[PDB]
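**Q** Structure file model_11.txt, compact mmCIF, N, CA and C atoms and all ligand atoms, is pasted below:
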```
# COMPACT_ATOMS: atom_id res chain seq x y z
N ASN A 439 6.33 -13.03 -26.21
CA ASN A 439 7.63 -12.68 -25.64
C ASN A 439 8.67 -12.23 -26.67
N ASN A 440 8.85 -13.02 -27.72
CA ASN A 440 9.80 -12.74 -28.80
C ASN A 440 9.31 -11.73 -29.85
N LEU A 441 8.24 -10.98 -29.58
CA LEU A 441 7.70 -9.96 -30.48
C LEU A 441 7.86 -8.55 -29.93
N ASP A 442 7.89 -8.36 -28.60
CA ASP A 442 8.03 -7.02 -28.01
C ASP A 442 8.76 -6.92 -26.66
N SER A 443 9.27 -8.01 -26.07
CA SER A 443 10.14 -7.90 -24.88
C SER A 443 11.50 -7.27 -25.23
N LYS A 444 12.09 -6.53 -24.28
CA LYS A 444 13.37 -5.81 -24.42
C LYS A 444 14.25 -6.14 -23.22
N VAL A 445 15.55 -6.37 -23.38
CA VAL A 445 16.36 -7.00 -22.31
C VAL A 445 16.55 -6.16 -21.04
N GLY A 446 16.46 -4.83 -21.11
CA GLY A 446 16.28 -4.00 -19.92
C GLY A 446 14.85 -4.07 -19.39
N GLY A 447 13.88 -4.07 -20.31
CA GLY A 447 12.44 -4.26 -20.11
C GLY A 447 11.65 -3.37 -21.08
N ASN A 448 10.54 -3.85 -21.65
CA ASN A 448 9.64 -2.97 -22.40
C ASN A 448 8.69 -2.20 -21.47
N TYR A 449 9.19 -1.12 -20.89
CA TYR A 449 8.45 -0.28 -19.95
C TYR A 449 7.32 0.56 -20.59
N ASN A 450 7.00 0.35 -21.86
CA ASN A 450 5.80 0.92 -22.48
C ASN A 450 4.49 0.20 -22.07
N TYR A 451 4.57 -1.06 -21.63
CA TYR A 451 3.41 -1.79 -21.11
C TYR A 451 3.11 -1.41 -19.66
N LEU A 452 1.98 -0.73 -19.47
CA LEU A 452 1.48 -0.20 -18.21
C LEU A 452 0.12 -0.83 -17.86
N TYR A 453 -0.20 -0.88 -16.58
CA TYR A 453 -1.48 -1.37 -16.05
C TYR A 453 -1.86 -0.61 -14.78
N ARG A 454 -3.14 -0.62 -14.39
CA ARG A 454 -3.63 0.20 -13.27
C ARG A 454 -3.78 -0.65 -12.02
N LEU A 455 -3.17 -0.23 -10.91
CA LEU A 455 -3.31 -0.88 -9.60
C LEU A 455 -4.29 -0.18 -8.66
N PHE A 456 -4.54 1.11 -8.87
CA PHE A 456 -5.36 1.91 -7.98
C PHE A 456 -6.50 2.56 -8.74
N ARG A 457 -7.72 2.37 -8.21
CA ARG A 457 -8.97 2.94 -8.74
C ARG A 457 -10.05 3.06 -7.65
N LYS A 458 -10.73 4.21 -7.58
CA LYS A 458 -11.66 4.56 -6.48
C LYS A 458 -12.79 3.54 -6.26
N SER A 459 -13.37 3.04 -7.34
CA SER A 459 -14.42 2.01 -7.34
C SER A 459 -14.32 1.14 -8.59
N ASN A 460 -14.74 -0.12 -8.50
CA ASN A 460 -14.61 -1.08 -9.60
C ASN A 460 -15.33 -0.56 -10.85
N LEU A 461 -14.71 -0.65 -12.01
CA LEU A 461 -15.30 -0.08 -13.23
C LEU A 461 -16.47 -0.92 -13.76
N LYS A 462 -17.38 -0.27 -14.51
CA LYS A 462 -18.48 -0.96 -15.20
C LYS A 462 -17.93 -1.78 -16.38
N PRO A 463 -18.62 -2.83 -16.84
CA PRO A 463 -18.17 -3.61 -17.99
C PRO A 463 -17.90 -2.76 -19.23
N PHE A 464 -16.83 -3.09 -19.95
CA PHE A 464 -16.32 -2.33 -21.10
C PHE A 464 -16.06 -0.83 -20.88
N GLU A 465 -15.75 -0.44 -19.65
CA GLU A 465 -15.42 0.96 -19.36
C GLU A 465 -13.91 1.20 -19.58
N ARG A 466 -13.54 2.40 -20.02
CA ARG A 466 -12.14 2.74 -20.28
C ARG A 466 -11.72 3.88 -19.32
N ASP A 467 -10.49 3.84 -18.82
CA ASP A 467 -10.01 4.86 -17.89
C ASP A 467 -8.55 5.24 -18.17
N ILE A 468 -8.36 6.38 -18.83
CA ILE A 468 -7.05 6.91 -19.21
C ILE A 468 -6.44 7.81 -18.11
N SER A 469 -7.16 8.06 -17.01
CA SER A 469 -6.75 9.01 -15.96
C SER A 469 -5.33 8.76 -15.45
N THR A 470 -4.58 9.85 -15.28
CA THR A 470 -3.23 9.86 -14.69
C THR A 470 -3.16 10.75 -13.45
N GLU A 471 -4.31 11.13 -12.93
CA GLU A 471 -4.51 11.78 -11.64
C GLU A 471 -4.02 10.87 -10.51
N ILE A 472 -3.57 11.45 -9.40
CA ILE A 472 -2.99 10.71 -8.28
C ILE A 472 -4.07 10.18 -7.35
N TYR A 473 -3.85 8.99 -6.80
CA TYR A 473 -4.81 8.26 -5.99
C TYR A 473 -4.54 8.41 -4.49
N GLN A 474 -5.61 8.64 -3.72
CA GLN A 474 -5.60 8.87 -2.28
C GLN A 474 -5.96 7.59 -1.52
N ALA A 475 -4.97 6.91 -0.94
CA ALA A 475 -5.23 5.72 -0.13
C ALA A 475 -5.65 6.05 1.31
N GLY A 476 -4.91 6.91 2.01
CA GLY A 476 -5.22 7.33 3.38
C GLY A 476 -6.29 8.43 3.45
N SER A 477 -6.63 8.88 4.66
CA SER A 477 -7.66 9.92 4.85
C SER A 477 -7.23 11.31 4.34
N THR A 478 -5.93 11.55 4.17
CA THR A 478 -5.37 12.85 3.76
C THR A 478 -5.78 13.27 2.34
N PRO A 479 -6.08 14.57 2.09
CA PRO A 479 -6.08 15.10 0.74
C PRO A 479 -4.66 15.02 0.15
N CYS A 480 -4.56 15.08 -1.18
CA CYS A 480 -3.27 14.96 -1.86
C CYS A 480 -3.24 15.63 -3.24
N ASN A 481 -3.58 16.92 -3.27
CA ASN A 481 -3.16 17.82 -4.34
C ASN A 481 -1.64 17.75 -4.58
N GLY A 482 -1.22 17.94 -5.84
CA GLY A 482 0.17 17.76 -6.29
C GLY A 482 0.48 16.33 -6.78
N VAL A 483 1.62 16.17 -7.45
CA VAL A 483 1.97 14.95 -8.21
C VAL A 483 2.29 13.73 -7.35
N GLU A 484 2.43 13.90 -6.04
CA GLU A 484 2.89 12.87 -5.12
C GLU A 484 2.52 13.21 -3.67
N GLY A 485 2.71 12.26 -2.76
CA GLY A 485 2.68 12.49 -1.32
C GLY A 485 2.69 11.20 -0.48
N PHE A 486 2.63 11.35 0.84
CA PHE A 486 2.54 10.22 1.78
C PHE A 486 1.24 9.44 1.58
N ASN A 487 1.36 8.13 1.32
CA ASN A 487 0.28 7.22 0.88
C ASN A 487 -0.56 7.70 -0.33
N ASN B 343 5.51 2.67 20.65
CA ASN B 343 6.05 3.59 21.63
C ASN B 343 6.82 2.83 22.72
N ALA B 344 7.50 1.74 22.36
CA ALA B 344 8.59 1.19 23.17
C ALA B 344 9.72 2.22 23.34
N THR B 345 10.35 2.28 24.52
CA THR B 345 11.50 3.18 24.75
C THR B 345 12.74 2.66 24.03
N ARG B 346 13.09 1.40 24.28
CA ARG B 346 14.23 0.69 23.70
C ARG B 346 13.76 -0.39 22.73
N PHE B 347 14.36 -0.45 21.55
CA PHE B 347 14.23 -1.57 20.61
C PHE B 347 15.37 -2.58 20.76
N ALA B 348 15.12 -3.79 20.26
CA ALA B 348 16.11 -4.84 20.15
C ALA B 348 16.99 -4.71 18.89
N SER B 349 18.09 -5.45 18.91
CA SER B 349 19.08 -5.55 17.85
C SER B 349 18.74 -6.65 16.84
N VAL B 350 19.09 -6.46 15.58
CA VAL B 350 18.60 -7.34 14.50
C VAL B 350 19.23 -8.74 14.49
N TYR B 351 20.40 -8.93 15.11
CA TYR B 351 20.92 -10.28 15.35
C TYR B 351 20.03 -11.10 16.30
N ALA B 352 19.25 -10.43 17.16
CA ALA B 352 18.46 -11.02 18.23
C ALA B 352 17.06 -10.40 18.29
N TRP B 353 16.45 -10.19 17.12
CA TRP B 353 15.22 -9.42 16.95
C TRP B 353 14.10 -9.87 17.89
N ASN B 354 13.55 -8.93 18.65
CA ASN B 354 12.54 -9.25 19.65
C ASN B 354 11.20 -9.62 18.99
N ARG B 355 10.35 -10.36 19.69
CA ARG B 355 9.00 -10.70 19.25
C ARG B 355 8.00 -10.52 20.38
N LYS B 356 6.87 -9.88 20.07
CA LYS B 356 5.68 -9.84 20.93
C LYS B 356 4.48 -10.35 20.16
N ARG B 357 3.80 -11.33 20.74
CA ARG B 357 2.60 -11.91 20.15
C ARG B 357 1.37 -11.08 20.53
N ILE B 358 0.54 -10.81 19.52
CA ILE B 358 -0.69 -10.04 19.66
C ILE B 358 -1.84 -11.01 19.44
N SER B 359 -2.77 -11.09 20.40
CA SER B 359 -3.88 -12.05 20.39
C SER B 359 -5.00 -11.63 21.34
N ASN B 360 -6.21 -12.17 21.13
CA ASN B 360 -7.37 -11.96 22.00
C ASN B 360 -7.73 -10.48 22.22
N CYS B 361 -7.60 -9.65 21.19
CA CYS B 361 -7.68 -8.19 21.27
C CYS B 361 -8.09 -7.60 19.91
N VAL B 362 -8.50 -6.34 19.87
CA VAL B 362 -8.93 -5.66 18.64
C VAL B 362 -7.86 -4.69 18.13
N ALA B 363 -7.48 -4.84 16.87
CA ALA B 363 -6.29 -4.24 16.28
C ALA B 363 -6.65 -3.01 15.44
N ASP B 364 -6.68 -1.83 16.06
CA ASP B 364 -6.96 -0.58 15.35
C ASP B 364 -5.80 -0.20 14.42
N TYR B 365 -5.93 -0.53 13.13
CA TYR B 365 -4.94 -0.14 12.13
C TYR B 365 -5.04 1.31 11.68
N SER B 366 -6.02 2.11 12.11
CA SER B 366 -6.06 3.52 11.67
C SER B 366 -4.93 4.31 12.33
N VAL B 367 -4.71 4.07 13.63
CA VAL B 367 -3.57 4.65 14.36
C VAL B 367 -2.23 4.19 13.79
N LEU B 368 -2.18 3.07 13.07
CA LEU B 368 -1.01 2.68 12.29
C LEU B 368 -0.96 3.38 10.92
N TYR B 369 -2.05 3.34 10.16
CA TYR B 369 -2.07 3.65 8.73
C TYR B 369 -2.15 5.14 8.42
N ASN B 370 -2.96 5.88 9.19
CA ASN B 370 -3.13 7.31 9.02
C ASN B 370 -2.14 8.14 9.84
N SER B 371 -1.44 7.56 10.82
CA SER B 371 -0.35 8.26 11.52
C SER B 371 0.87 8.45 10.61
N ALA B 372 1.02 9.66 10.06
CA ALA B 372 2.08 10.01 9.11
C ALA B 372 3.51 10.09 9.70
N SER B 373 3.65 9.93 11.02
CA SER B 373 4.94 9.98 11.73
C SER B 373 5.94 8.92 11.25
N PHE B 374 5.44 7.76 10.83
CA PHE B 374 6.25 6.68 10.26
C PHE B 374 6.69 7.00 8.82
N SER B 375 7.81 6.42 8.37
CA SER B 375 8.34 6.72 7.02
C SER B 375 7.81 5.78 5.93
N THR B 376 7.65 4.50 6.26
CA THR B 376 7.31 3.43 5.32
C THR B 376 6.32 2.48 5.98
N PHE B 377 5.34 1.99 5.23
CA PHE B 377 4.48 0.89 5.65
C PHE B 377 3.97 0.12 4.43
N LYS B 378 4.40 -1.13 4.25
CA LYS B 378 4.17 -1.94 3.04
C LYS B 378 3.59 -3.31 3.40
N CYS B 379 2.67 -3.82 2.59
CA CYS B 379 2.00 -5.10 2.81
C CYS B 379 2.17 -6.05 1.62
N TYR B 380 2.15 -7.36 1.90
CA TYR B 380 2.65 -8.37 0.98
C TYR B 380 1.65 -9.48 0.65
N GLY B 381 0.52 -9.52 1.34
CA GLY B 381 -0.62 -10.37 0.99
C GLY B 381 -2.00 -9.77 1.29
N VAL B 382 -2.06 -8.47 1.61
CA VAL B 382 -3.29 -7.73 1.92
C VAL B 382 -3.17 -6.27 1.49
N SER B 383 -4.25 -5.66 0.99
CA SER B 383 -4.32 -4.20 0.78
C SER B 383 -4.45 -3.49 2.13
N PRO B 384 -3.64 -2.48 2.45
CA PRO B 384 -3.51 -2.03 3.83
C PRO B 384 -4.77 -1.34 4.38
N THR B 385 -5.59 -0.70 3.54
CA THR B 385 -6.89 -0.16 3.98
C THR B 385 -7.86 -1.27 4.41
N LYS B 386 -7.74 -2.48 3.83
CA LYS B 386 -8.50 -3.68 4.19
C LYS B 386 -7.98 -4.40 5.44
N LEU B 387 -6.92 -3.93 6.11
CA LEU B 387 -6.49 -4.54 7.38
C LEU B 387 -7.59 -4.50 8.44
N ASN B 388 -8.36 -3.41 8.52
CA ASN B 388 -9.51 -3.30 9.42
C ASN B 388 -10.66 -4.27 9.09
N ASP B 389 -10.73 -4.76 7.85
CA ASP B 389 -11.77 -5.67 7.37
C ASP B 389 -11.40 -7.15 7.56
N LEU B 390 -10.26 -7.45 8.18
CA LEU B 390 -9.71 -8.80 8.28
C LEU B 390 -9.63 -9.30 9.73
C1 LIG C 1 3.16 7.61 21.03
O1 LIG C 1 2.99 8.51 22.17
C2 LIG C 1 2.44 9.86 21.89
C3 LIG C 1 2.20 10.56 23.24
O2 LIG C 1 1.41 9.71 24.11
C4 LIG C 1 1.16 9.76 21.05
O3 LIG C 1 0.76 11.07 20.60
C5 LIG C 1 1.38 8.91 19.79
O4 LIG C 1 0.11 8.84 19.08
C6 LIG C 1 1.88 7.51 20.18
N1 LIG C 1 2.14 6.70 18.99
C7 LIG C 1 1.21 6.00 18.38
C8 LIG C 1 1.66 5.05 17.26
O5 LIG C 1 0.02 6.13 18.68
```
For the file at hand, write its structure as structure tokens.
Ligand SMILES: *[C@@H]1O[C@H](CO)[C@@H](O)[C@H](O)[C@H]1NC(C)=O
**A**
Amino acid sequence: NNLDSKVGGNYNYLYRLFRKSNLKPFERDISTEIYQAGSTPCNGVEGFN
Amino acid sequence: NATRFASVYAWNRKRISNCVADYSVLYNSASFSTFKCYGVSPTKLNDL
């Protein structure tokens, strides 16, 4: 806490909430492509679900 | 598709029971603006 926390917040620490299928052991995923939760396609940086 | 809604000082309640709950007509119907869940992933609503 006292080595890298910042009082507004250290927003450099990121983690992944969405992934198509569970990763294999020791797998790395740098992808910043957008994730499709609903049945709709979603080309472009954003959309509904 | 209720015609009239209730007021938030006196918020109405309807109990849902003994029936099958198709969440696709909820989740994939884009007509709504927001839909958020607080103890379940919403695609898994059909699995529960
Ligand atoms: C509300 O009614 C219309 C016409 O019957 C229907 O198309 C629409 O799917 C209904 N809403 C929901 C949530 O299904």
**Q** Within 6.5 Å of ligand LIG 1 (chain C) (counting all atoms listed in the file), which residues show up? I'd like them as a short mmCIF file (atom, residue, chain, number, x, y, z; two decimals) with N, CA and C atoms, in the frame of the given file.
**A**
```cif
data_model
loop_
_atom_site.label_atom_id
_atom_site.label_comp_id
_atom_site.auth_asym_id
_atom_site.auth_seq_id
_atom_site.Cartn_x
_atom_site.Cartn_y
_atom_site.Cartn_z
N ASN B 343 5.51 2.67 20.65
CA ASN B 343 6.05 3.59 21.63
C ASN B 343 6.82 2.83 22.72
N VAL B 367 -4.71 4.07 13.63
CA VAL B 367 -3.57 4.65 14.36
C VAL B 367 -2.23 4.19 13.79
N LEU B 368 -2.18 3.07 13.07
CA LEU B 368 -1.01 2.68 12.29
C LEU B 368 -0.96 3.38 10.92
#
```
**Q** Would you list which chain B residues are within 12 Å of chain A using only C-alpha atoms, as a PyMOL selection string?
**A** chain B and resi 365-378+383-386
**Q** Expressed in Å to a single decimal, how great is the separation between CA of residue 380 in chain B and CA of residue 444 in chain A?
**A**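 It comes out at 27.7 Å.
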**Q** Please identify all polymer residues within 8 Å of residue 483 in chain A, counting only N, CA and C atoms, omitting same-chain residues fewer than 6 positions from it, and present them as an MDAnalysis selection string.
**A** chainID A and resid 471:473
**Q** Just list as a list in words whatever in chain B DSSP marks as helix (DSSP H, G or I).
**A**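 Result set for chain B (helix (DSSP H, G or I)): residues 350, 351, 352, 366, 367, 368, 369, 384, 385, 386, 387, 388 and 389 of chain B.
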**Q** May I ask for the distance between atom N of residue 359 in chain B and atom N of residue 387 in chain B, given in Å to one decimal place?
**A** 16.5 Å
**Q** For atom N of residue 454 in chain A and atom C of residue 364 in chain B, determine how far apart the two atoms are, in Å to one decimal place.
**A**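 Taking atom N of residue 454 in chain A as the start and atom C of residue 364 in chain B as the end point, the length is 28.9 Å.
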